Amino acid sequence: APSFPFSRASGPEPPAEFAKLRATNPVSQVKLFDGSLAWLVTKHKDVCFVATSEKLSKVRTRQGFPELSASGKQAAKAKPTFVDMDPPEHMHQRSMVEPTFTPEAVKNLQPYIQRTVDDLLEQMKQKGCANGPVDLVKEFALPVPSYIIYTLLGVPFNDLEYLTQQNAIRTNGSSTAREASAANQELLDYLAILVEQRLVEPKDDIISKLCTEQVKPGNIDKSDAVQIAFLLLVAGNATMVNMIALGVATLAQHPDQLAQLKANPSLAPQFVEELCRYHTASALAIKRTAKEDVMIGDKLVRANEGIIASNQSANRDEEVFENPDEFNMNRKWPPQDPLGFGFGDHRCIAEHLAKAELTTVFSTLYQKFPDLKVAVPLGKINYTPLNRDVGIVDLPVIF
């Protein structure tokens, strides 16, 4: 059994194993870091089944849960938030924060999303690139999702830049373990203080809603509120940064489609849909253990055996998406959903927010900077390490 996670075939490409497995062995066994074996599911239809089957559990203290590293194994010891819950606990806690992320609520946020993107682009213009390329990640891709989610949680404007840097340190590939865990503690300590404050005078933010509607009535206590707030910050931020940067790089690689976006900014939604299918930047989140024996394709998965469902592979499934390895913002979409945000009850709570952010970025960026160019040869883009989710570490641009 091959070791899993697989390595990406190159900087921007999924692992090569997935296409071979989809063709010849779509439910197969892989070997995890600790020697245990898990089942790997690669076809779109089977990923949807794993994501919705009531016979499968996300509870991480069940025998067989497929942790992919040693830190995940010890993270499993902490009190769980709704990301690691089964029904009915899952929606009980998830519904406490879902009102901010509904399509209606995200529509109302759209002026603020646009103002945030406008302000950060205007700052980048004023900085200019007269002394060399600037890093689109540090200058734009990182602060846009960071400022928005921090602001929604309730962080005041003056604290945004420090906390944005600290959260970046958490996931930066060249951080030492001491740097990353110190940045992590910095974030937890700040959120605990913000929770204490909102308990005394609530404002109009997510932490205030939790303190007022759940902590004070006793449905959760203030430490749960910290954990839930922390989850909403760290679950998707690094992914948002990577999606923005991957979108720019992808458009640099497909000049004809960038030309269409420049001439019709209203194509941004379709560009975003294809971006999230093609670059599945969160590919290791759909993991389960079997509560009972369950049949998947031609394989029997026994109780207490772990399953990993690759939405990355599913988003390249030849049986669902015609020419899946071509980036084509003008593709015709089948009835099946792309799985960039997962599927079923656990499907990304922030799907609408994430897409609204991505759509605002790509309908604005080239209107502001019509000559935005990646400043290094495209073959020299600094992608994330091949053993990690696809992403871009830094992206020098001129404009």
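A residue's number is simply how far along the shown sequence it sits, counting from 1.
(request) Output the stretch having the higher mean C-alpha B factor in the entry; the candidates are 97-105 and 71-79. (result) Higher mean C-alpha B-factor: 71-79.
(request) Averaging only over Cα atoms, indicate whether 213-221 or 239-247 has the higher B-factor in the PDB entry. (result) Stretch with the greater average CA B-factor: 213-221.
(request) Have a look at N311, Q166, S146, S266 and flag the one whose Cα has the highest B-factor in the entry. (result) Highest C-alpha B-factor among the listed options: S266.
(request) In terms of CA temperature factor as recorded, identify the highest of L358, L32, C348, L339. (result) In the PDB entry, the greatest C-alpha B-factor among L358, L32, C348, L339 is found at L32.
(request) Would you check the entry's CA temperature factor for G344 and let me know if it's in the chain's lowest, middle or highest third? (result) Its C-alpha B-factor belongs to the lowest third of this chain's values.
(request) Could you look up the Cα B-factor of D317 in the entry and say which third of the chain it sits in: lowest, middle or highest? (result) Middle third - that is where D317 ends up once the chain's C-alpha B-factors are sorted.
(message) Quick check on the deposited entry: does the C-alpha B-factor of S282 sit in the lowest, middle or highest third of its chain?
(response) Tercile = lowest for this residue's CA B-factor.
(message) By the recorded C-alpha temperature factor, relative to the other modelled residues in its chain, which third is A259 in?
(response) For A259, whose C-alpha B-factor we compare with every modelled residue in the chain, the answer is the highest third.
(request) Determine, from the deposited record, the chain-internal third of the Cα B-factor for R288: lowest, middle or highest. (result) Ranked within chain, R288 CA B lands in the lowest tercile.
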